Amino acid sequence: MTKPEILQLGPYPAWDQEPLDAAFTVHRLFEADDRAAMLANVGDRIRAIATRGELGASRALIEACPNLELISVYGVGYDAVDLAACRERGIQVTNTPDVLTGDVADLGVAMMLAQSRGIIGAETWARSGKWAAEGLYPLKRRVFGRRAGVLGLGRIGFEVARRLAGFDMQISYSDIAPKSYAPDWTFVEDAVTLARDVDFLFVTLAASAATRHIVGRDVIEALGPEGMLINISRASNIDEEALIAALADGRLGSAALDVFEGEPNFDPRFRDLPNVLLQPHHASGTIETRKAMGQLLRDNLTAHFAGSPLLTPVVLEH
């Protein structure tokens, strides 16, 4: 009988770990006192690596696993997997796409609403007792019927737009080209123009932006003193120095951010600003989404060793 041997690079939740350990002989590199010793011992045996978007899989690690067949990634991104090393060797790669899309879009829209309607401060207002002792919470700003732009209209951006339509917003978007699935929303070529004409701008860029889609000083300034920036996609696509200065100056009205450079050790200055909603990178943070991601990782591994097609490959066998 066989329990295929796999190398796991970082921890997973128990609901994935248990069935992984039941089906496979799992070597936990992240629990090893000595990396080289474990690789010497089991490297030859490793037929698959189970990793995470963050951790990836280096060339040296791949070289230490000469009989490697598959690297399965928990998460959407797989930047840190050495693809050239994989393609040289006929190693296939899978990820876990699609299962997080709706929850990410939900949090983005929720964040816009929370910042615009001052929900954080309003909770504190009632909880602290200032509602009774002082009076009314200050009037906040309407969302419905106003103008929203979506920067990047892929899976996530599309789902955001669908949610915004239920609020009767005037929706525009920018991307590399118009999308066939956006017949009722206005395509805009560049991020500056997009920002100029909207009250709320969602950054939902799945990859490293092209120049005209990067969120720098010009885009931020065009978004304007009563505009709001909502970011639920990678930190690298926003100039944080430009963002902080604009928020401080009043050149940008407000921001709601779920992702930050160097997170969780995000720039302390974001804490000092009165117009910033902070979230701890949990746009995909639901029980259902995380279970689905883990299930997909496991289903790819199961399919591979069974001789069945991979569910969600990102690299073919070359």
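Numbers follow the displayed sequence, beginning with 1.
Of the two segments examined, 27-35 and 63-71, it is 27-35 that shows the higher average Cα temperature factor in the deposited entry. Mean CA temperature factor is higher for 135-143 when stretches 161-169 and 135-143 are set side by side in the entry. Within the selection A105, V198, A210, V215, the deposited Cα B-factor values reach their highest point at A210. For the set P268, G253, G43, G285, the maximum C-alpha B-factor listed in the entry falls on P268.
Ranked by C-alpha B-factor against the other modelled residues of its chain, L257 falls in the lowest third. Per the PDB record, residue ranking by Cα B-factor puts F202 in the lowest third of the chain. The entry lists a Cα temperature factor for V314 that places it in the middle third of the chain's modelled residues. Ranked by C-alpha B-factor against the other modelled residues of its chain, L243 falls in the middle third. The PDB entry assigns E88 a C-alpha temperature factor belonging to the highest third of its chain's modelled residues.
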